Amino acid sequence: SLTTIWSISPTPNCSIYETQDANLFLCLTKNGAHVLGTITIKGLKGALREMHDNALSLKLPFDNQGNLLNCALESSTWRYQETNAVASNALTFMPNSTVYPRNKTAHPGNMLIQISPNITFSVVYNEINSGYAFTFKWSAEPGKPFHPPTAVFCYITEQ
């Protein structure tokens, strides 16, 4: 049915260190049992303009029905693109809990999304005690603004 969920927002819609300090643009498109994801995060305010830490994480938790729970992402921006309705009950976009069991250690590695200077990215699925989750991690360069390159990722969905 509905193919696309995204978090597009012209204004800040993500809170990492303080309220609305970042823009998060995550887009998920479903093609059968696969979702193709792209994620772009832009640091806009505070330490995100001059990093102290050398890594940053973002967790998006969902209930067992596929609803986004309170987290760093402004929920009002998490919408079905086609209808512009909030992305409620998106079970068939959730990472498959048989393929990615809750709290299973992910294969020990990550992805280079840039070189010179190097930036790494990883996504871990269902690191959560109930429901579903995405946990994203990026490297960061201390003293510099946080704005990693876009990352692409693919996973198997719940049926």
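So that there is no doubt, residue numbering starts at 1 and follows the sequence shown.
For the pair 44-52 and 115-123, the mean Cα B-factor is higher in 115-123. Annotation for 132-140 versus 11-19: the higher mean temperature factor (C-alpha) is found in 11-19.
Out of 32, 101, 109, 37, it is 109 whose C-alpha atom has the highest B-factor in the PDB entry.
In the deposited entry, the Cα temperature factor of residue 92 sits in the bottom third of values across the chain's modelled residues. Among the modelled residues of its chain, residue 152 has a C-alpha B-factor that falls in the middle third according to the deposited record. Among all modelled residues in this chain, the alpha-carbon of residue 105 has a temperature factor (C-alpha) in the highest third.
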